[PDB]
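*Asks:* Got a structure for you, written out below as structure tokens; questions coming shortly.
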Amino acid sequence: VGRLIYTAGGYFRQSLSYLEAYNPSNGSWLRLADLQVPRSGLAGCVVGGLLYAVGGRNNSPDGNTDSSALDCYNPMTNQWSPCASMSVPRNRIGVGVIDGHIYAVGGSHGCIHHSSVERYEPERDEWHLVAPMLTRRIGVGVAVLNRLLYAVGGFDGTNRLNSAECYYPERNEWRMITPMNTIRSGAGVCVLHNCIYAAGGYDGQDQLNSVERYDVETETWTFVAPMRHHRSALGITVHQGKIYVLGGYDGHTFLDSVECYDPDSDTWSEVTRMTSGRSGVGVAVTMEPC
Ligand SMILES: O=C(O)C[C@H](c1ccc2c(c1)OCCO2)c1ccc2ccc(OCC(=O)NC3CCCCCC3)cc2c1
């Protein structure tokens, strides 16, 4: 009990410093301590009850700087602290957590599209590089299932991608998995039960509302119910057995809508609205603040 969905950063006209937290139990939203540096295209994750904001870019009227930052937020103090920075800036990054360690995957730095991957150790406040992916990927979706790390879709600098790959930590090795049915850049990617879900994204032409899921046992991607809204660069997380998607860009608007997927009924329902429309947010779940 007492866990909240946190949304950090994002983009609307410019990159944003907002930290806001939604309580699915009573519908409430809390505005919390701003990020020190506004960022979009960042990823959020949680280790040991601390919320981490990783990478992104600060888009401002007076410049656009890609971020190597790792900042950590303590709900007990409502304060952000700087952690050790990554080896390179990573805009439109994907992250995943295995066994208390944060993996930062891919992302862009200027015109460079990274294949490189690095691993953070909270107990040592240190980053170290691991094996790079087989494909350069920005706007990549990353999730962890059964202590394996998945990198799904993205953009390699020339083509948007339906391909996907799996990292095996004990061999420090990446291998291709079955590609998705759909090209998706900027999808929301998460894990629910034994499947990796890829929701929305941009296929090169239109923002998508389709959702597909990868069953690790069958190695197949299957479509599930589509979302109510087309969305790319959306926030995504899982909480009490349901997927929550937040925000994104639908082609026309920066969405404020939050939708919830129930796998048992295979339905999406609109559950709340963010305080303002935005895309490119980092999302993660941890205990209530204060
Ligand atoms: O396919 C690609 O080249 C990359 C892909 C993308 C680029 C251009 C697009 C697009 C999607 O579909 C909307 C119209 O053209 C992408 C993927 C992930 C992102 C994550 C965060 C993120 O954070 C800043 C952000 O939200 N930017 C927003 C305005 C500019 C468009 C990008 C989105 C809205 C941005 C991401 C962008």
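Following the order of the structure tokens, chains are lettered A, B, ..., residues in each are numbered from 1, and ligands are numbered from 1.
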So which residues touch range 73-82 of chain A within 8 Å, counting only C-alpha atoms, skipping near sequence neighbours fewer than 4 positions away, as a PyMOL selection string?
*Replies:* chain A and resi 32-33+35-36+49-52+69+287-290
*Asks:* Using only C-alpha atoms, determine which residues lie at most 10 Å from range 275-280 of chain A, disregarding the query and same-chain residues fewer than 3 positions distant; provide the list as an MDAnalysis selection string.
*Replies:* chainID A and resid 8:16 20 29:31 39:43 56:57 92 139 186 231:235 246:250 253:257 272 283
*Asks:* Need the shell around residue 185 in chain A: protein/DNA/RNA residues with any atom at most 7 Å away, counting only C-alpha atoms. Skip same-chain ones fewer than 6 positions apart. Format as a ChimeraX atom specification?
*Replies:* /A:139-140,153-155,160-161,201-203
*Asks:* Please, could you write that set of residues out with C-alpha atoms as a CSV table (one decimal), in the first residue's frame?
*Replies:*
```
chain,number,residue,atom,x,y,z
A,139,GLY,CA,13.7,6.5,-28.5
A,140,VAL,CA,14.2,2.9,-27.3
A,153,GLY,CA,12.3,-0.5,-31.2
A,154,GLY,CA,13.7,3.0,-31.5
A,155,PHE,CA,15.5,4.9,-34.3
A,160,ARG,CA,12.7,3.5,-37.3
A,161,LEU,CA,12.8,0.0,-36.0
A,201,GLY,CA,5.0,5.0,-30.6
A,202,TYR,CA,5.8,6.5,-34.0
A,203,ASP,CA,6.1,4.3,-37.0
```
*Asks:* Neighbours of residue 219 in chain A within 12 Å (only C-alpha atoms; same-chain residues fewer than 5 positions away dropped), as a tab-separated table (two decimals) with N, CA, C and O atoms, in the first residue's frame?
*Replies:*
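Saved to out39.tsv:
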```
chain	number	residue	atom	x	y	z
A	164	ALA	N	14.17	-5.91	-31.98
A	164	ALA	CA	14.30	-5.91	-30.53
A	164	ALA	C	15.42	-6.86	-30.17
A	164	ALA	O	15.70	-7.80	-30.91
A	165	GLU	N	16.00	-6.68	-28.97
A	165	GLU	CA	17.11	-7.54	-28.54
A	165	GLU	C	17.16	-7.65	-27.04
A	165	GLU	O	16.56	-6.87	-26.31
A	166	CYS	N	17.86	-8.68	-26.58
A	166	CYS	CA	17.83	-9.13	-25.21
A	166	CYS	C	19.28	-9.19	-24.73
A	166	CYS	O	20.15	-9.68	-25.47
A	176	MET	N	19.48	-10.80	-30.77
A	176	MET	CA	18.19	-10.41	-31.33
A	176	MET	C	17.08	-11.33	-30.83
A	176	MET	O	17.28	-12.53	-30.65
A	177	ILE	N	15.89	-10.77	-30.60
A	177	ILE	CA	14.69	-11.56	-30.40
A	177	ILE	C	13.76	-11.35	-31.59
A	177	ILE	O	14.06	-10.60	-32.52
A	178	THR	N	12.62	-12.01	-31.57
A	178	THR	CA	11.62	-11.81	-32.60
A	178	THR	C	11.28	-10.34	-32.74
A	178	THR	O	11.08	-9.67	-31.72
A	179	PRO	N	11.25	-9.78	-33.95
A	179	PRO	CA	10.84	-8.39	-34.11
A	179	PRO	C	9.36	-8.22	-33.88
A	179	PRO	O	8.55	-9.13	-34.08
A	180	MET	N	8.99	-7.00	-33.52
A	180	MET	CA	7.58	-6.63	-33.33
A	180	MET	C	6.88	-6.69	-34.69
A	180	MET	O	7.50	-6.66	-35.74
A	194	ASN	N	4.22	-12.23	-17.72
A	194	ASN	CA	5.35	-12.82	-18.44
A	194	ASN	C	5.56	-12.18	-19.78
A	194	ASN	O	6.14	-12.82	-20.66
A	195	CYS	N	5.04	-10.99	-19.98
A	195	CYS	CA	5.12	-10.37	-21.28
A	195	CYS	C	5.70	-8.98	-21.23
A	195	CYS	O	5.50	-8.23	-20.27
A	196	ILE	N	6.38	-8.65	-22.31
A	196	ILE	CA	6.85	-7.29	-22.56
A	196	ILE	C	5.80	-6.62	-23.41
A	196	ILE	O	5.49	-7.13	-24.49
A	213	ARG	N	2.32	-7.35	-27.37
A	213	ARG	CA	3.05	-7.92	-26.25
A	213	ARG	C	3.80	-9.17	-26.66
A	213	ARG	O	3.32	-9.98	-27.45
A	214	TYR	N	4.98	-9.31	-26.06
A	214	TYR	CA	5.92	-10.39	-26.37
A	214	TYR	C	5.87	-11.39	-25.24
A	214	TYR	O	6.18	-11.06	-24.10
```
*Asks:* Can you work out which one of A:198, A:133, A:102, A:284 has the shortest atom-to-atom distance to residue 119 in chain A, counting only C-alpha atoms?
*Replies:*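 Of all the options, A:102 lies closest to residue 119 in chain A.
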*Asks:* Extract the full set of strand (DSSP E) residues from range 81-157 of chain A according to DSSP on the backbone, and format it as a PyMOL selection string.
*Replies:* chain A and resi 81-83+94-98+101-105+108-109+112-113+117-121+126-130+141-145+148-152
*Asks:* Could you write out the selected residues, including C-alpha atoms, as a tab-separated table (two decimals), in the first residue's frame?
*Replies:*
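Result file follows (selection05.tsv):
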```
chain	number	residue	atom	x	y	z
A	81	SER	CA	20.42	15.02	-5.02
A	82	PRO	CA	23.00	14.66	-7.80
A	83	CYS	CA	24.40	11.19	-8.40
A	94	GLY	CA	15.75	3.72	-22.08
A	95	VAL	CA	16.49	2.29	-18.65
A	96	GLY	CA	15.92	-0.97	-16.80
A	97	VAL	CA	16.81	-2.26	-13.35
A	98	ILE	CA	18.29	-5.68	-12.63
A	101	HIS	CA	21.53	-1.90	-10.70
A	102	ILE	CA	20.38	0.67	-13.27
A	103	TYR	CA	21.11	0.01	-16.93
A	104	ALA	CA	21.13	3.07	-19.21
A	105	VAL	CA	20.54	2.07	-22.82
A	108	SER	CA	21.28	10.33	-28.64
A	109	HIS	CA	24.00	12.92	-28.21
A	112	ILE	CA	25.11	10.44	-32.66
A	113	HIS	CA	22.78	7.51	-32.01
A	117	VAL	CA	25.02	0.66	-22.58
A	118	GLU	CA	26.19	1.34	-19.04
A	119	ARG	CA	25.37	0.06	-15.58
A	120	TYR	CA	25.03	2.02	-12.34
A	121	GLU	CA	25.80	0.63	-8.88
A	126	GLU	CA	29.67	4.52	-9.98
A	127	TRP	CA	28.84	3.83	-13.63
A	128	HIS	CA	30.61	1.33	-15.88
A	129	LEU	CA	30.10	0.43	-19.51
A	130	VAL	CA	28.81	-3.00	-20.53
A	141	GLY	CA	11.83	1.08	-24.97
A	142	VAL	CA	13.54	-0.90	-22.24
A	143	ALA	CA	12.12	-3.37	-19.76
A	144	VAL	CA	13.36	-6.21	-17.56
A	145	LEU	CA	11.74	-9.59	-17.30
A	148	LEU	CA	17.07	-10.17	-18.63
A	149	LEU	CA	17.18	-6.70	-20.21
A	150	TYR	CA	15.13	-5.96	-23.37
A	151	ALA	CA	15.66	-3.12	-25.85
A	152	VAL	CA	12.67	-2.64	-28.13
```
